[PDB]
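Spelled out, the chains give:
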Amino acid sequence: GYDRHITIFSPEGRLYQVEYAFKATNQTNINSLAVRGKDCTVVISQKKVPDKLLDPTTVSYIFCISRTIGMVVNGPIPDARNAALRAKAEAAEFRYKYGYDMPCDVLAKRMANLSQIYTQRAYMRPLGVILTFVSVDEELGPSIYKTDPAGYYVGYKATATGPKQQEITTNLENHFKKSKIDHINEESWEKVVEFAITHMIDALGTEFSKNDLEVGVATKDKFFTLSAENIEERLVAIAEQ
Amino acid sequence: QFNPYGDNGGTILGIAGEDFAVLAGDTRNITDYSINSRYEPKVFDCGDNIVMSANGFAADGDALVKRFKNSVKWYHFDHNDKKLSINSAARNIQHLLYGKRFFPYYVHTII
Amino acid sequence: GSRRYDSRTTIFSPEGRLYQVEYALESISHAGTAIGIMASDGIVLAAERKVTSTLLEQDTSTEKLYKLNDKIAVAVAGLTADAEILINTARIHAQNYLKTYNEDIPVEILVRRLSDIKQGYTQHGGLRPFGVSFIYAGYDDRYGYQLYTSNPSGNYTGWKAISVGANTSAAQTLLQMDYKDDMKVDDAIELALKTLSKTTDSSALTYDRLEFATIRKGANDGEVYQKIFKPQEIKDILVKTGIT
Amino acid sequence: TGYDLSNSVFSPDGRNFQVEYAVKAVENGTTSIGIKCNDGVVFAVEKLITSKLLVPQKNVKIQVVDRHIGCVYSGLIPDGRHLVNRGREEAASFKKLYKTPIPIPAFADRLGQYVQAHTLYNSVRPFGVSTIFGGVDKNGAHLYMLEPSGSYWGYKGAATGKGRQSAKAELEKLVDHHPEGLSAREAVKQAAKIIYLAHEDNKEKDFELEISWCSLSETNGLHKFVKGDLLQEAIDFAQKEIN
Amino acid sequence: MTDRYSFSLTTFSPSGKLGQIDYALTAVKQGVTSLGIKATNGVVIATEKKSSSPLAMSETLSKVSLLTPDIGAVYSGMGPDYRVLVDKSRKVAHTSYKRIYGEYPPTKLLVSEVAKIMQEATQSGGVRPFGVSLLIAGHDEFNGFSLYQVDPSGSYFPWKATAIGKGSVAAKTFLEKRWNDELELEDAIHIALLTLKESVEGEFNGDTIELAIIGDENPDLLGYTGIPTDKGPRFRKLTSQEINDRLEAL
Amino acid sequence: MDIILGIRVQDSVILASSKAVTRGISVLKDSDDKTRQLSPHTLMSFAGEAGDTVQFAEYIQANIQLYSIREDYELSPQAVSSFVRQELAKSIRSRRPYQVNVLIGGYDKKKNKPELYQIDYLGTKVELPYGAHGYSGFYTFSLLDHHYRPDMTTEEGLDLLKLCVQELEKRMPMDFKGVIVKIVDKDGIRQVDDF
Amino acid sequence: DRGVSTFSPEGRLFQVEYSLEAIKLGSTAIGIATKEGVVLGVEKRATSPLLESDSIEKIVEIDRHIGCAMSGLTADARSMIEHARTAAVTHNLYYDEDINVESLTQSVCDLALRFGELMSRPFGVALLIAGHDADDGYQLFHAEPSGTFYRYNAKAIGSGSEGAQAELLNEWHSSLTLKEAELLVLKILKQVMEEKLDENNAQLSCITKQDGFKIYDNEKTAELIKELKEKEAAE
Amino acid sequence: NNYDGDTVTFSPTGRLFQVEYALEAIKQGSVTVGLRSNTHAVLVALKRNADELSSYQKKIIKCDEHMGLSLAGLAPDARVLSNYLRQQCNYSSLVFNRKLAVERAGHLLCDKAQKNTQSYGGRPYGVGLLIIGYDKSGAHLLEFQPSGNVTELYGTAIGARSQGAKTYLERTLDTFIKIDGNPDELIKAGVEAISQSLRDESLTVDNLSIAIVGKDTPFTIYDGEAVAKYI
Amino acid sequence: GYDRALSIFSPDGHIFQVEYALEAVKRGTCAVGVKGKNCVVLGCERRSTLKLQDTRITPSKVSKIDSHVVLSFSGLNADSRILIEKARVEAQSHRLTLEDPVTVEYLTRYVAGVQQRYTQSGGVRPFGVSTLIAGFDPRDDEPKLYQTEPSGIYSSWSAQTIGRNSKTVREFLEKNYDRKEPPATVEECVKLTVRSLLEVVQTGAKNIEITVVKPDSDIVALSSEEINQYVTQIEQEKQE
Ligand SMILES: [Cl-]
Ligand SMILES: [Mg+2]
């Protein structure tokens, strides 16, 4: 059964290497979440540092692709960094060739097309990662676009990824049924981050310290990650309410 | 425009006897009307009882001698330390020089 | 490395056969039958469309019969997509010959080159062969009217009347029975249709399941005309011979 | 099955068995460690003395990249050398274009991408080494450990090879007992001790100690080998602690 | 390193089957239903927007794509394979036609170029076939309106009307009863919505249905005025509102 | 090289080509045949740059002979001339072009007609009743405009050709050491030995 | 299947070892080196009586001072000879001298291992290279598809090799004349050959300093065959 | 078993079998010994013959005036690697006017052998080498293995029954290291060392092969009647 | 480029791909070559399961390489075209540089070299073809007949056959062909060639092709009636 080793069709029209790359996604056992505000797009992810000898500042699955675009990965770090470096190079080249900053959705498409090639060409394996791209696009506003090993991509009102993704997904679904809108009706990004963390706490059922989370925030003209103290300030605000 | 050749002057002289041979050359090196060195040798022992000199443009002369000395070394490696005869050395030098037929070594060579 | 997944398409069996060529011929034997018949004053090309649907646009369709130049046409049996690669190559080769010599290409030369391409895919490159058999129908001023066939092996031969695709065994027996050398085009038209009508896997042979073409000298004085039959023209020729 | 016969093939788990097999070759190799300190990093390695016929001090395993980075590895020694040769090319092109010497995090990714590239195709084999490396740059001291998969992180302390668990346990004690920081000269002495303690998992053949270090104060930010009086002082400290 | 797969991954089996093409067709069978209907004064192509999650914005994912101003495309099967084919199809319309003749290609020839790309994935080294079937609707001056199907093998056929994917067998039967040669465009849109309701299970509205037409020229969608010969694109994607209007009088 | 002439008459094509091969101030040879038989009923004469002429002529000859063997069939003079033109048309935009002018005289066995083609080094082909390359044309064209008739015999064509050679020997500056004459007709190619 | 350049568990290249089996199936070739010259002899082995035996070219000239005999898949030897001839002439062009027999052999043996995934497989033919130079005198070399070559005083290759080599072991001494060596090759060939030895199914050749490399006529070999039979009956 | 088809495949225990099978070719090869003092370095090689009619396979190769090796295993692979060493030694001379350090020579061989063990299509080298040399830091002896592993030693031996000579040198270490300014005595110690690896056969005149390099001695090889002194 | 070593050695020292190519030759229609005192004759079988053929345009079994040399074959027909083309090109190339047409030995040696190259080149299979090459050297009246095969070996033959049932016709030729006295005339040589094919063929109608080559580029193919006369004559003498 060599049709399960390379990316060719099985008798039932399936690509097993693609399906097994999807299973590699959860190898890190980390759950991510992304939501949109009025002026911003917030992405949060769990941070697990098991070894005491590790330098916790270097342990990260959120990446600054361009000034405006941010990316969180669900999957092994080697493949994550492979995708991150390529996205950075693509975003930089786009600006040079076409004279304006690469949109979040266009970069998502480009990375998805690259992922598609690995599903069709035999010598290249798929990357075992799911890439969630976030920005405040100058045309489309707050944006969340997500890519997987199949080469599939789509825009999102909000999204979640990881082992306990479905619990987070339905938690968010129920909120948008209630609110009757496509986003978090909130002025400051600080309270959108608070919303993101609060709803992850409810869905996963766990409490978080400052070192258990990792937060990325996209505003107009810049994407940035929060420090441990920026998150701690945010956790205090939730607790006092 | 850049001129890749120069003239380092000097002169050389070879004479053959019955059971010996001499290869002489002056030790002066020049450019235009200036002396560069009063003692810069240009007659070299290349091994296997072969002496060589490539007079004219010293850069090309040194390059050629260097390549021939190296040719002698590889002749030993490839042919079981056989002595390179003077006639065989001469033919080897022809191919070295003619290899640059369209961008020559500006030298008059004597062995 | 990648050796593990190599099918080795261009090798011999212990018996001295080319696996992939033999299997490609097995593929072609399920394709719609195509017949070529050569007369003294023209050539007939007839071909059966593969199980037609009622909602298929019949008039603006091309599956079996293709034009290579003004003097040469082919009938296809096998993978259509594969045939179209080879057809565009053949069309180019004909124009190269015309550009070079200022003369229309002789039929055999075009056939040989197209057959040589197929041969290459069986000897080198490690790729699968083209799953296609052609019937070539053409005219030149050297040999006049000519019929050829080529198959995935890259071997070609000349014919007076020939079939490719499905039921060739039955079709060739019927052609061998009723064919003769002093035959006219109109007689050959009738033979081609009668043969398909008996060898068809369908219940009854109709206009919508056929492609038809003739190469006559029926133009005005010493010149050749290609006629790719329209749907209504096939309907009329089917009634005229008394099949429907 | 057969999922483990070819590199770059995902198993039904989502694992690349060929990379995991390369890790076994690393686990088989000799012990090597890295210790991050106040203003730099310290590297140390176990050299098994196979025979009396080995010339002492003349089979050097720790390698320098550029003038400020040190690299040490456990597993297939040739594979490690190939990785350092690449590292040197990467560091040379960085300096050529950008003038400044390559930062340690930048350098870490250059190796990381190159090792990761050897898990993408079946025409290449994964690296049979875990590489501990680091140095001093504009932002201070950095220590890194890189694995056959291409996975790397920053470390306070790092260890790999046959005696990794013993060395990790000893490293974890240093992190707990010295929260404010460990000095460079101390880290050299501790490194010696940890190699000697980690030698208990490889005690048939006796060994030779080898230590190097980068420090902003002690070595002026450049990579140097520990030799002579400072080496013997570190050996004596380690000898006193085992007894 | 380097692509060592220079050999075919699609080969003939002893029975004469090309396995990877058959298996690609099986992947198309699993895919969501799409269809196309040809009228006298236009063509309609339609499909269901299967949403992966309710949090996902299905507007951002476009199953029906413009290829040229007068040609559109829809698919059934693997979406990523379709997306790259649309990219390649758009580019080939320029490189192999518009940059030569100064005008857009006719439907049949663009289809022929797409087919060629899909055939090469069936024979070239180190690649699998595309796991999609395309339906390409278009118009050009000399051929009028036309509708084509393109399969993983690279074979293509012209259709009066057809369907592909999940419930294609039932959908084709439905179209045979309703189709005639005198259908106006609005009648064909009506039939398309009826046919598609059979295969769709959940919600059936303008937000879950994607539908586009090849009809009259649209001067309002051109973007400029002043050139009389340039009259606008015949391809138009129907809005969510425009679909719901026709669902009331269904 | 220098003088090559051609005359197409009723039933044949006659090619006259100078015998002199000069380099510098020395006539190196006075019996040089500036022609190659491409096929039994097709002859090509040539003139131009030294070396290029023979190299080109023999290259064309090889290709036509290869075609003849492959198809077991002789190419028409029209077909051979078109092939030759295309080769020169390629050549002119090469790194180093063939500086060779040619006349192709042939008898078409299918049409039963003689044919004369004049092709220059640029790839400029023309079918003509009479042709010439180089300075020769400046005398022979006007002469033939006057004396040529389309229905002439081979013997009349040879006398017409003698009239051209006499004029060239009288008014040309260089000694071209006479000409080799060859006739192309239904029976093939033959050489006139006494001219 | 498996790689072309793969090692066996015993530490040998599979393809090289299998090519050695092909050489054992080949026709017998014998070489003997003396101080008066080197003799080369081969079994022609015509597959049918209709085949014109004089067209069987299994002894070959490389240069005037170097000859060559083959055994195994003899078609494979053509490119090896072509390379040898070019190497010999090229060296004479570059150095105005004859090329050493050892240096020639080494150049041929460099082709041997230039196979893998360069050509697709090793050569299926062994060569006996015989020659003379001023330095090391009369020499005989055995060149294999492994890339290895040994110098020999005498050597047999082909189907009757192990039997002939044991016979050469006893018969060879350092004072053999050329005439003695000619008869010895004929004697040993007749022992190992299937069909009866004559001038048409066996060929002799030699290389001497004075006359260079010479293939013997069928008339000359016939007299040596007749001289051999008389001498064996004489005691 | 299933993981020895090519060099690009690791076994489940982390082994490269094609490299180990290449290592096996060395064990089948004829014995060769290397040893050095502070002033000189010596190679001693037992040559092997096909039969009594054949010559004895030459084991020692010169690389430069100050460096050379002995081989054990596939001789053509030794020719490729020695040729590479000749070029690298020569590159160092022409470009930098610098004799190539014996340590760098080892590093270059290691890196050349390694590339063959990580790529598809190629194979490992099937030969082991003993490199001796005299450079700016005195006498040197290296042991090359086709896995890539190069090792600097006082003395060693490779080939069939090399363990006998290697044990002897391990005992004699203190004696032969201090044979300074005496070539013949250092060779004698090497000839006595290789004798510990002999079985049934003894050292004859056309069987033994010795090479030496040192302070005022270029790399020179001794064969034939020149080695009769040491039997 | 496709690199795979398809032709490789096996444990017993055989190259199976080359040996399987010989089986393709054994499947092919019979071809025979007989050389006389002043001529060579090439006879070829044509299988009679194919009726409704057009013999005007169907590729002939004997191919002219130059005006003085001919090539017949047994095995894969498509493969043979490639060898014939290459040979024809080399024939014109030899005329161009050496100013002399090829010898029969040289042409054979070239064709044989091409066949050999395909047995140790990556990505290719051997030619499933054996050839009989016959003719006369320039300015020479001595007849030449050579044979090649997929492995690349070639040799000269007084008379030889290849293809299906070739071992039967070789048996016939081995007793009927005298080395001391070959067929003195053209008639004698053609008759012996036809006789040898009649052991194998079936009927002597449109199943046998005969091509006669004589010195100085004198090559002619016999028609049906001309061949049928030999068939009629042989059968009447047989009934005895
Ligand atoms: Cl893209
Ligand atoms: Mg002109």
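Within each chain the first residue of the written sequence is number 1 and the count goes on from 1 in that order, possibly differing from the entry; residues lacking coordinates are omitted. Written order decides the labels, with chains lettered from A and ligands numbered from 1. All values in this entry refer to the displayed chains, which constitute part of a larger assembly. To obtain the side-chain values, all non-hydrogen atoms of the structure were included, while hydrogens and water were left out.

As named in the PDB entry, chain F is Proteasome subunit beta type-4, taken from Saccharomyces cerevisiae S288c. The header of this PDB entry states its title as "Yeast 20S proteasome in complex with 43".

Looking at the PDB entry, one finds chain A named Proteasome subunit alpha type-1, with Saccharomyces cerevisiae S288c as its source organism.

Engineer: Please explain the interface of chain A and chain E as it appears in this structure.
Structural biologist: Note: interface size is frequently given as the accessible area lost on complex formation between the parts. Any pair of residues with heavy atoms lying within 4.5 Å of one another is described as a contacting pair. At the junction of the two partners, chain A supplies 34 residues and chain E supplies 30 residues. Buried area adds together the accessible area that both of two parts lose upon being put together, with accessible area traced by a 1.4 Å probe. Carbon and sulfur atoms supply 62% of the area that chain A and chain E bury against each other, a total of about 2,800 Å² over both sides. On the chain A side of the contact with chain E, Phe-9, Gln-120 and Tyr-123 of chain A bury the most area, a combined 25% of that side's loss. A pairing counts as a salt bridge when a side-chain nitrogen of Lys or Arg comes within 4 Å of a carboxyl oxygen of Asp or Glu. Linking chain A to chain E there are one salt bridge. For the purposes of these results, a polar contact is taken to be a pair of N or O atoms within 3.5 Å, where, inside protein, one atom must be able to donate a hydrogen and its partner to accept one; residues adjacent in sequence count only when each atom of the pair is a side-chain atom. Seen at the junction of chain A and chain E, the total is eleven residue pairs in polar contact. Helix and strand definitions follow DSSP, with helices as H or I runs of at least four residues and strands as E runs of at least two, each counted in order from the N terminus. Elements that contribute at least two residues to the side of chain A that touches chain E include exactly helix 3 (104-120), strand 7 (153-156), strand 8 (158-161) and helix 4 (165-179) of chain A. A total of six residues in the side of chain A that touches chain E trace back to one element, the largest contributor, which is helix 3 of chain A.

Engineer: Where do I start with the packing of aromatic side chains in this structure?
Structural biologist: Working definition: an aromatic ring pair is given by the centre-to-centre distance plus the angle between the planes. Any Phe, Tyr or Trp ring, taking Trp's six-membered ring, that has another such ring centre within 6.5 Å forms a pair; planes under 30 degrees apart are called stacked, those over 60 apart edge-to-face, and the others tilted. Counted according to the given criterion, the structure contains 46 aromatic pairs over all chains. What links up through ring pairs into an aromatic cluster is the set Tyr-2 of chain A, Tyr-5 of chain C together with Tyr-5 and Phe-7 of chain E. Here, a charge over a ring means that NZ of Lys or CZ of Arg falls within 6 Å of the ring centre while also lying within 35 degrees of the ring normal. Positioned over the ring face of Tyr-75 of chain E is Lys-63 of chain E, at 5.5 Å from the centre of the ring. Here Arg-2 of chain G stacks its cationic end above the ring of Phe-14 of chain G, 3.7 Å away from the centre of that ring.

Engineer: Would you explain the arrangement of the chains in this entry?
Structural biologist: Kept free of each other, chain A and chain B leave a smallest C-alpha distance of 37 Å between them. At the level of C-alpha atoms, the two units chain D and chain I stay apart, their nearest approach being 14 Å.

Engineer: Even after reading the chapter, I still don't get the pattern of salt bridges, so can you show me in this structure?
Structural biologist: A side chain of one charge can pair with a side chain of the opposite charge if their charged atoms are brought near each other. Residue and element names in this part refer to chain A. The full count for this structure, using the stated rule, is 90 salt bridges over all chains. In this structure, the salt-bridge partner of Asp-79 is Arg-125, at a minimum N-O distance of 2.8 Å. Separated by 46 residues along the polypeptide, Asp-79 in helix 2 (residues 77-98) and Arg-125 in the loop between helix 3 and strand 5 (130-137) bring together distant segments of the chain. Here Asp-79 and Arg-125 have matching classes, each one buried. Categorising residues by exposure relies on relative accessible area from a 1.4 Å probe, with only protein chains included: less than 20% of the type maximum marks a residue as buried, more than 50% marks it as exposed, and the intermediate range marks it as partly exposed.

Engineer: Can you help me understand the packing of helix 2 of chain A against helix 3 of chain A in this one?
Structural biologist: Angle between the axes and distance between the axes are the two parameters that describe a pair of packed helices. Residue and element names in this part refer to chain A. In contact at an axis separation of 10 Å, helix 2 and helix 3 are set at 125 degrees when each is read in the N-to-C sense. Judged by the inter-axis angle, helix 2 sits oblique to helix 3. Judged by the sense of rotation from one axis to the other, the crossing of helix 2 with helix 3 is right-handed. Packed against helix 2, whose contacting residues are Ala-83, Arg-86, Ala-87, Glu-90 and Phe-94, the element helix 3 presents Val-106, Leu-107, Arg-110, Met-111, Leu-114 and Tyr-118 at the interface. Just so you know the grouping, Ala, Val, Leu, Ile, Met, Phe, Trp, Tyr, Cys and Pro go in nonpolar, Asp, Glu, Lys and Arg go in charged, and all remaining residues, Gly too, go in polar. For the contact of helix 2 with helix 3, the residue count by class is eight nonpolar, no polar and three charged. Axes, fitted as lines to C-alpha atoms, cover a helix only where it is in contact. Angles between the N-to-C directions of the axes lie from 0 to 180 degrees. Throughout, the term roughly parallel applies to angles under 35 degrees, roughly antiparallel to angles over 145, roughly perpendicular to angles from 65 to 115, and oblique to all others. By the definition used in this description, the sense in which the near helix is turned from the far one sets the handedness, with an anticlockwise turn below a right angle giving left-handed and a clockwise turn giving right-handed.

Engineer: Explanation requested: the side chain of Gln-17 of chain I in the structure shown.
Structural biologist: Mapped onto the secondary structure, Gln-17 of chain I falls in helix 1 (residues 16-27). Judged by relative accessible area, which is 8%, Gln-17 of chain I ranks as buried. A polar atom in the side chain of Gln-17 of chain I sits 3.3 Å from the backbone nitrogen of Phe-12 of chain C. Beyond its immediate chain neighbours, meaning those up to four positions away, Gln-17 of chain I contacts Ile-11 and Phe-12 of chain C together with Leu-6, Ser-7, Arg-125 and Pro-126 of chain I.

Engineer: Please clarify how a negative patch on the surface should be interpreted in this entry.
Structural biologist: Excluding any residue in a salt bridge, patches collect residues exceeding 30% relative accessible area, merging like charges within 9 Å and nonpolar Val, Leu, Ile, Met, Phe, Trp and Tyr side chains within 5 Å. Residue-level accessible areas treat just the shown protein chains as cover; the underlying method is Shrake-Rupley with a 1.4 Å probe. Only four residue types enter the tally: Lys and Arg on the positive side, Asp and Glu on the negative side; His and the chain ends are excluded. Note on charges: their place is set at NZ of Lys, CZ of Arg, CG of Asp or CD of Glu. The grouping of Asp-151, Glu-155, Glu-156 and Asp-159 of chain F at the surface amounts to a negative patch. On the secondary structure map, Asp-151 of chain F appears in the loop between helix 3 (137-147) and helix 4 (154-171).

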